Each structure stands twice: as structure tokens, then as C-alpha cells.
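> Below is the file target-v1.cif, which contains mmCIF, C-alpha atoms.
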data_final
#
loop_
_atom_site.label_atom_id
_atom_site.label_comp_id
_atom_site.auth_asym_id
_atom_site.auth_seq_id
_atom_site.Cartn_x
_atom_site.Cartn_y
_atom_site.Cartn_z
CA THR J 1 -61.53 -30.82 44.85
CA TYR J 2 -58.36 -28.80 45.43
CA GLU J 3 -56.11 -26.81 43.17
CA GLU J 4 -52.42 -27.68 43.70
CA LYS J 5 -50.75 -24.59 45.27
CA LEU J 6 -47.94 -23.58 47.61
CA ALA J 7 -48.09 -20.45 49.79
CA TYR J 8 -48.42 -19.12 53.35
CA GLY J 9 -51.30 -18.09 55.60
CA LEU J 10 -51.27 -15.94 58.71
CA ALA J 11 -53.74 -16.23 61.59
CA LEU J 12 -54.02 -12.46 61.93
CA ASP J 13 -57.65 -12.26 63.08
CA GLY J 14 -57.33 -14.70 65.97
CA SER J 15 -56.87 -18.37 66.75
CA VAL J 16 -57.93 -20.88 64.08
CA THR J 17 -59.20 -24.44 64.04
CA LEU J 18 -57.83 -26.59 61.26
CA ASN J 19 -60.41 -29.20 60.23
CA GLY J 20 -59.10 -32.68 59.56
CA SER J 21 -59.54 -36.27 60.72
CA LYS J 22 -58.75 -34.75 64.09
CA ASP J 23 -59.27 -31.00 64.45
CA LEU J 24 -56.36 -28.74 65.44
CA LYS J 25 -56.41 -25.31 67.10
CA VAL J 26 -53.53 -22.95 66.27
CA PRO J 27 -52.80 -19.71 68.14
CA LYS J 28 -53.34 -16.18 66.92
CA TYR J 29 -50.46 -15.20 64.56
CA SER J 30 -49.61 -18.74 63.42
CA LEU J 31 -47.70 -19.11 60.17
CA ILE J 32 -49.47 -21.79 58.10
CA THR J 33 -48.37 -23.48 54.92
CA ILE J 34 -51.08 -23.42 52.24
CA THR J 35 -51.03 -26.45 49.89
CA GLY J 36 -54.34 -26.09 47.98
CA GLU J 37 -57.37 -23.90 47.15
CA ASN J 38 -61.10 -24.20 46.22
CA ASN J 39 -63.30 -21.04 46.27
CA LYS J 40 -64.37 -21.77 49.87
CA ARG J 41 -61.31 -23.36 51.56
CA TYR J 42 -57.51 -23.50 51.74
CA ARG J 43 -55.75 -26.82 52.01
CA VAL J 44 -53.06 -26.36 54.62
CA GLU J 45 -50.41 -28.71 55.91
CA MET J 46 -49.19 -28.75 59.51
CA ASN J 47 -46.68 -31.34 60.80
CA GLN J 48 -47.12 -33.55 57.71
CA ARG J 49 -50.92 -33.94 58.01
CA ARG J 50 -53.57 -32.37 55.71
CA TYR J 51 -56.17 -30.03 57.16
CA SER J 52 -58.59 -27.50 55.77
CA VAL J 53 -59.71 -24.00 56.68
CA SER J 54 -62.09 -21.37 55.28
CA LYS J 55 -60.27 -18.67 53.31
CA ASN J 56 -61.53 -15.71 55.34
CA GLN J 57 -60.03 -17.03 58.56
CA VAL J 58 -56.42 -16.54 57.50
CA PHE J 59 -54.61 -13.78 55.64
CA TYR J 60 -53.12 -15.02 52.35
CA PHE J 61 -49.45 -14.28 51.84
CA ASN J 62 -47.67 -14.91 48.54
CA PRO J 63 -43.87 -14.49 48.76
CA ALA J 64 -43.63 -14.32 44.97
CA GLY J 65 -45.89 -11.25 44.99
CA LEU J 66 -44.77 -7.73 44.21
CA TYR J 67 -44.28 -5.52 47.18
CA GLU J 68 -42.48 -2.28 47.89
CA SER J 69 -39.12 -2.36 49.67
CA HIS J 70 -37.84 -0.43 52.63
CA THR J 71 -34.80 -0.82 54.84
CA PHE J 72 -35.19 -1.49 58.54
CA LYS J 73 -33.98 2.02 59.39
CA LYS J 74 -36.88 3.68 57.51
CA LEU J 75 -39.27 1.39 59.47
CA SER J 76 -37.70 1.38 62.99
CA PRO J 77 -39.53 4.57 64.07
CA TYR J 78 -42.77 2.57 63.98
CA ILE J 79 -41.49 -0.64 65.61
CA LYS J 80 -41.27 -1.06 69.41
CA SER J 81 -37.86 -0.10 70.80
CA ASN J 82 -37.56 -3.51 72.51
CA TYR J 83 -37.13 -5.29 69.19
CA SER J 84 -35.99 -2.29 67.07
CA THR J 85 -32.84 -1.45 68.98
CA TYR J 86 -31.88 -5.10 69.19
CA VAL J 87 -33.11 -6.25 65.79
CA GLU J 88 -30.02 -8.15 64.85
CA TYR J 89 -29.93 -9.87 68.23
CA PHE J 90 -33.39 -11.29 67.63
CA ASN J 91 -33.04 -11.96 63.89
CA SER J 92 -29.80 -13.78 64.81
CA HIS J 93 -32.01 -16.74 65.89
CA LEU J 94 -34.01 -17.07 62.69
CA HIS J 95 -34.15 -20.43 60.84
CA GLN J 96 -33.02 -22.35 63.88
CA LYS J 97 -34.77 -25.31 65.53
CA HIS J 98 -37.38 -24.58 68.20
CA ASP J 99 -35.46 -26.46 70.92
CA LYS J 100 -32.27 -24.57 70.24
CA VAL J 101 -33.94 -21.22 70.04
CA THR J 102 -35.76 -21.44 73.36
CA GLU J 103 -32.40 -21.91 75.06
CA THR J 104 -31.79 -18.17 74.63
CA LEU J 105 -35.09 -16.63 73.69
CA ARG J 106 -36.75 -18.23 76.72
CA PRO J 107 -40.54 -18.46 76.98
CA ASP J 108 -42.44 -18.57 80.30
CA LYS J 109 -43.96 -21.77 79.06
CA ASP J 110 -43.12 -23.34 75.76
CA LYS J 111 -45.96 -23.97 73.31
CA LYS J 112 -46.06 -24.72 69.56
CA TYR J 113 -46.53 -22.38 66.55
CA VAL J 114 -46.50 -19.02 68.38
CA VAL J 115 -44.53 -18.37 71.61
CA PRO J 116 -44.29 -15.31 73.87
CA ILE J 117 -40.75 -14.42 74.92
CA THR J 118 -40.44 -13.85 78.65
CA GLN J 119 -40.64 -10.19 79.80
CA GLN J 120 -41.09 -8.93 76.26
CA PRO J 121 -44.04 -7.87 74.13
CA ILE J 122 -42.57 -10.07 71.34
CA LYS J 123 -43.88 -13.39 70.08
CA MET J 124 -41.83 -15.97 68.20
CA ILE J 125 -43.37 -17.56 65.09
CA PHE J 126 -42.46 -21.11 64.17
CA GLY J 127 -42.92 -22.19 60.59
CA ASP J 128 -42.17 -25.35 58.65
CA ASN J 129 -39.85 -27.96 60.18
CA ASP J 130 -40.36 -26.24 63.56
CA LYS J 131 -37.82 -23.51 62.81
CA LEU J 132 -38.10 -19.88 63.85
CA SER J 133 -39.67 -18.01 60.95
CA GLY J 134 -40.41 -14.58 62.35
CA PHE J 135 -41.64 -12.25 65.08
CA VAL J 136 -44.79 -10.51 66.31
CA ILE J 137 -43.72 -7.03 67.35
CA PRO J 138 -45.74 -4.01 68.61
CA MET J 139 -46.47 -1.01 66.39
CA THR J 140 -45.67 2.57 67.52
CA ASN J 141 -46.82 5.89 66.02
CA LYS J 142 -49.53 4.41 63.79
CA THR J 143 -50.91 7.71 62.55
CA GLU J 144 -47.43 8.88 61.65
CA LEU J 145 -46.79 5.54 59.90
CA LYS J 146 -49.86 5.27 57.72
CA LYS J 147 -49.29 8.65 56.06
CA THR J 148 -45.48 8.22 55.62
CA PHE J 149 -45.68 5.23 53.28
CA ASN J 150 -49.15 6.20 52.14
CA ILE J 151 -50.98 3.21 53.44
CA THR J 152 -54.66 2.90 52.76
CA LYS J 153 -55.35 -0.79 53.46
CA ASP J 154 -55.95 -2.60 56.78
CA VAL J 155 -52.96 -4.88 56.27
CA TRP J 156 -49.77 -3.67 54.61
CA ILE J 157 -46.91 -5.82 53.32
CA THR J 158 -43.43 -4.80 52.31
CA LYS J 159 -40.08 -6.46 51.71
CA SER J 160 -37.30 -5.41 54.05
CA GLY J 161 -33.73 -6.73 53.99
CA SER J 162 -33.74 -10.52 54.03
CA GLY J 163 -37.48 -10.64 54.70
CA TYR J 164 -40.98 -9.20 54.87
CA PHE J 165 -42.88 -6.94 57.24
CA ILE J 166 -46.62 -7.32 57.56
CA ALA J 167 -48.41 -4.44 59.22
CA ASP J 168 -51.77 -5.20 60.75
CA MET J 169 -53.08 -1.64 61.16
CA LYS J 170 -56.17 -2.41 63.19
CA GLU J 171 -54.24 -4.45 65.83
CA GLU J 172 -51.17 -2.25 65.72
CA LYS J 173 -48.75 -5.15 65.36
CA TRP J 174 -45.93 -6.06 63.03
CA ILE J 175 -45.18 -9.52 61.77
CA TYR J 176 -41.63 -9.88 60.60
CA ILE J 177 -41.30 -13.04 58.51
CA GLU J 178 -38.15 -14.39 56.99
CA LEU J 179 -38.17 -16.82 54.12
#
Could you spell out this file's structure in C-alpha cells?

Amino acid sequence: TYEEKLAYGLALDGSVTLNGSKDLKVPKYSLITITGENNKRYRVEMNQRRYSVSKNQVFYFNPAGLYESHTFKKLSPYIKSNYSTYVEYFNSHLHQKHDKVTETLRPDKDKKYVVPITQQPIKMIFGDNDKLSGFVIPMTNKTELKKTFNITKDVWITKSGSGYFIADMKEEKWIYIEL
């Protein structure tokens, strides 16, 4: 019924409902752990329960894949100054528990999976074991970006330092994901 697999999925297109014994709605930009596949659906696991979703509703992300690499400096022109200038301040919080992280990156109102930081156009992404896994960050100078790295697709992935950058061209947002 399912092929045994391990990978990640990103709710790039919008919120998603994970079908299970009880259904579960996850916000736009959620990082989801894929545990199986079958032509029509992904098996995904969230908080140690199995759910299922149709493949077209999440963007498939394979960390083992081959991607180009670029430093942060060559990318910072196209990332919002708010995060760019202070990149190491934010990344400083990565891989830490949700309750610790929200002590300093404070949200207006805490929520699971994806959390807006107060007074910033930045969202925090919580992955497995409720640890900070990455950020949703605005894109600047799109037209200048897409012809600098010769990007032709709607969604562009690259390695960068300790992590990955995923550029959703249509929504003009970056997802930085680490590990």
C-alpha cells in the first residue's frame, strides 16, 4: 500500500489537511516528514501519528538530491534586509526547542508548525521533535534574481552554508531550511 521512504514535504501552495483517523490542518509553509509513497499519496508522520496527503498538495524535498551551492553573500541581495543583515542572529536559534526559541523570537500568539515573529515579515518553521528547522523570508529583486542564477523553474532549490534555500518564485518567498 505504501513504499517505505524518508523525506520532507513543504506546504508551499497553502494550508494542508492531513487525512488520518482524525484529520489535521497544517499552516501554509509547514515542514512535513514524508514516510511513504504510492502514485497518488504521501505517507507523512506528524507528532508520532500516521497521516496521508495527495502528492500535489506538498512540494517534495529530498535532502540527498543534487543541488547547486551558493554562499549567503551571493544570495543576500535577493533576501529581505530584515533577515539578511541579521542572518546569524536568526540562524543562532536553529535546532532548538519551540518553548526555548519563543523566549527570544517572540510570536504575537504562539501556534504549532509555522509561527510569525512579532513585527517581522519572517515566519519560523518547526520540524521534527518540535525544533526550529528554518525560516520563511521575503524575496527582493525577483527579476534580477531569476536571471543571475539562470532560474527557469517555479521553485528553485540550492544548498547554502549549513543548509538549503528554497525559492518559491511565484510567491516571492524564501524558505531557509537547516538539516
> So the first atom is atom CA of residue J:20 and the second is atom CA of residue J:62; what is the distance between them in Å, to one decimal place?
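Atom CA of residue J:62 lies at a distance of 23.8 Å from atom CA of residue J:20.
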> How would you write, as a ChimeraX atom specification, the residues chosen by the PyMOL selection byres ((chain J and resi 57) around 9) on this structure?
/J:10-16,53-56,58-59
> Would you work out the distance separating atom CA of residue J:132 from atom CA of residue J:97, expressed in Å to one decimal?
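About the pair atom CA of residue J:132 and atom CA of residue J:97: they are 6.6 Å apart.
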> Work out how far atom CA of residue J:17 is from atom CA of residue J:29, in Å to one decimal.
12.7 Å
> Which residue is closest to residue J:42? Choose from J:122, J:24, J:7, J:75 and count all atoms listed in the file.
J:7
> Can you take the partial stretch 110-137 of chain J, add N, CA and C atoms, and return it as a PDB file, in the coordinates of the input?

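Now in out-v2.pdb:
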ATOM      1  N   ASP J 110     -43.266 -23.022  77.159  1.00  0.00           N
ATOM      2  CA  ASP J 110     -43.120 -23.340  75.760  1.00  0.00           C
ATOM      3  C   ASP J 110     -44.449 -23.887  75.271  1.00  0.00           C
ATOM      4  N   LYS J 111     -44.688 -23.719  73.980  1.00  0.00           N
ATOM      5  CA  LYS J 111     -45.960 -23.970  73.310  1.00  0.00           C
ATOM      6  C   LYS J 111     -45.578 -24.090  71.834  1.00  0.00           C
ATOM      7  N   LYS J 112     -46.425 -24.658  70.983  1.00  0.00           N
ATOM      8  CA  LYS J 112     -46.060 -24.720  69.560  1.00  0.00           C
ATOM      9  C   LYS J 112     -46.579 -23.526  68.762  1.00  0.00           C
ATOM     10  N   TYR J 113     -46.072 -23.378  67.533  1.00  0.00           N
ATOM     11  CA  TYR J 113     -46.530 -22.380  66.550  1.00  0.00           C
ATOM     12  C   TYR J 113     -46.210 -20.908  66.878  1.00  0.00           C
ATOM     13  N   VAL J 114     -46.736 -20.399  67.988  1.00  0.00           N
ATOM     14  CA  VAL J 114     -46.500 -19.020  68.380  1.00  0.00           C
ATOM     15  C   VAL J 114     -46.160 -18.954  69.888  1.00  0.00           C
ATOM     16  N   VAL J 115     -45.035 -18.337  70.240  1.00  0.00           N
ATOM     17  CA  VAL J 115     -44.530 -18.370  71.610  1.00  0.00           C
ATOM     18  C   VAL J 115     -44.091 -17.012  72.172  1.00  0.00           C
ATOM     19  N   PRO J 116     -44.721 -16.568  73.259  1.00  0.00           N
ATOM     20  CA  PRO J 116     -44.290 -15.310  73.870  1.00  0.00           C
ATOM     21  C   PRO J 116     -42.912 -15.466  74.497  1.00  0.00           C
ATOM     22  N   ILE J 117     -42.058 -14.466  74.301  1.00  0.00           N
ATOM     23  CA  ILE J 117     -40.750 -14.420  74.920  1.00  0.00           C
ATOM     24  C   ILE J 117     -40.923 -13.802  76.279  1.00  0.00           C
ATOM     25  N   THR J 118     -40.242 -14.343  77.285  1.00  0.00           N
ATOM     26  CA  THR J 118     -40.440 -13.850  78.650  1.00  0.00           C
ATOM     27  C   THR J 118     -40.044 -12.363  78.790  1.00  0.00           C
ATOM     28  N   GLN J 119     -40.897 -11.597  79.472  1.00  0.00           N
ATOM     29  CA  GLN J 119     -40.640 -10.190  79.800  1.00  0.00           C
ATOM     30  C   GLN J 119     -40.492  -9.313  78.579  1.00  0.00           C
ATOM     31  N   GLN J 120     -41.096  -9.733  77.475  1.00  0.00           N
ATOM     32  CA  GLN J 120     -41.090  -8.930  76.260  1.00  0.00           C
ATOM     33  C   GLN J 120     -42.447  -8.959  75.621  1.00  0.00           C
ATOM     34  N   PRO J 121     -42.803  -7.887  74.912  1.00  0.00           N
ATOM     35  CA  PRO J 121     -44.040  -7.870  74.130  1.00  0.00           C
ATOM     36  C   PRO J 121     -43.791  -8.423  72.708  1.00  0.00           C
ATOM     37  N   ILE J 122     -42.967  -9.462  72.614  1.00  0.00           N
ATOM     38  CA  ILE J 122     -42.570 -10.070  71.340  1.00  0.00           C
ATOM     39  C   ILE J 122     -42.977 -11.546  71.320  1.00  0.00           C
ATOM     40  N   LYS J 123     -43.570 -11.982  70.230  1.00  0.00           N
ATOM     41  CA  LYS J 123     -43.880 -13.390  70.080  1.00  0.00           C
ATOM     42  C   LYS J 123     -43.027 -14.023  68.987  1.00  0.00           C
ATOM     43  N   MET J 124     -42.565 -15.245  69.217  1.00  0.00           N
ATOM     44  CA  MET J 124     -41.830 -15.970  68.200  1.00  0.00           C
ATOM     45  C   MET J 124     -42.800 -16.774  67.338  1.00  0.00           C
ATOM     46  N   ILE J 125     -42.553 -16.808  66.033  1.00  0.00           N
ATOM     47  CA  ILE J 125     -43.370 -17.560  65.090  1.00  0.00           C
ATOM     48  C   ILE J 125     -42.615 -18.755  64.507  1.00  0.00           C
ATOM     49  N   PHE J 126     -43.149 -19.951  64.696  1.00  0.00           N
ATOM     50  CA  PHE J 126     -42.460 -21.110  64.170  1.00  0.00           C
ATOM     51  C   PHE J 126     -43.153 -21.648  62.927  1.00  0.00           C
ATOM     52  N   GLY J 127     -42.395 -21.736  61.844  1.00  0.00           N
ATOM     53  CA  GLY J 127     -42.920 -22.190  60.590  1.00  0.00           C
ATOM     54  C   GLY J 127     -42.575 -23.633  60.337  1.00  0.00           C
ATOM     55  N   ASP J 128     -42.474 -23.985  59.055  1.00  0.00           N
ATOM     56  CA  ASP J 128     -42.170 -25.350  58.650  1.00  0.00           C
ATOM     57  C   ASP J 128     -40.881 -25.919  59.264  1.00  0.00           C
ATOM     58  N   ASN J 129     -40.966 -27.187  59.647  1.00  0.00           N
ATOM     59  CA  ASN J 129     -39.850 -27.960  60.180  1.00  0.00           C
ATOM     60  C   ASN J 129     -39.492 -27.463  61.577  1.00  0.00           C
ATOM     61  N   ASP J 130     -40.473 -26.825  62.214  1.00  0.00           N
ATOM     62  CA  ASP J 130     -40.360 -26.240  63.560  1.00  0.00           C
ATOM     63  C   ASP J 130     -39.118 -25.343  63.720  1.00  0.00           C
ATOM     64  N   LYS J 131     -38.884 -24.496  62.725  1.00  0.00           N
ATOM     65  CA  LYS J 131     -37.820 -23.510  62.810  1.00  0.00           C
ATOM     66  C   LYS J 131     -38.412 -22.132  62.994  1.00  0.00           C
ATOM     67  N   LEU J 132     -37.668 -21.250  63.661  1.00  0.00           N
ATOM     68  CA  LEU J 132     -38.100 -19.880  63.850  1.00  0.00           C
ATOM     69  C   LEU J 132     -38.245 -19.168  62.509  1.00  0.00           C
ATOM     70  N   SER J 133     -39.428 -18.640  62.233  1.00  0.00           N
ATOM     71  CA  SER J 133     -39.670 -18.010  60.950  1.00  0.00           C
ATOM     72  C   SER J 133     -39.904 -16.510  61.041  1.00  0.00           C
ATOM     73  N   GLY J 134     -40.158 -15.999  62.233  1.00  0.00           N
ATOM     74  CA  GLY J 134     -40.410 -14.580  62.350  1.00  0.00           C
ATOM     75  C   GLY J 134     -40.861 -14.107  63.714  1.00  0.00           C
ATOM     76  N   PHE J 135     -41.232 -12.827  63.808  1.00  0.00           N
ATOM     77  CA  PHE J 135     -41.640 -12.250  65.080  1.00  0.00           C
ATOM     78  C   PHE J 135     -42.922 -11.426  64.987  1.00  0.00           C
ATOM     79  N   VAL J 136     -43.667 -11.413  66.094  1.00  0.00           N
ATOM     80  CA  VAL J 136     -44.790 -10.510  66.310  1.00  0.00           C
ATOM     81  C   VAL J 136     -44.298  -9.407  67.220  1.00  0.00           C
ATOM     82  N   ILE J 137     -44.375  -8.177  66.723  1.00  0.00           N
ATOM     83  CA  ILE J 137     -43.720  -7.030  67.350  1.00  0.00           C
ATOM     84  C   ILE J 137     -44.711  -5.861  67.383  1.00  0.00           C
TER      85      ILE J 137
END
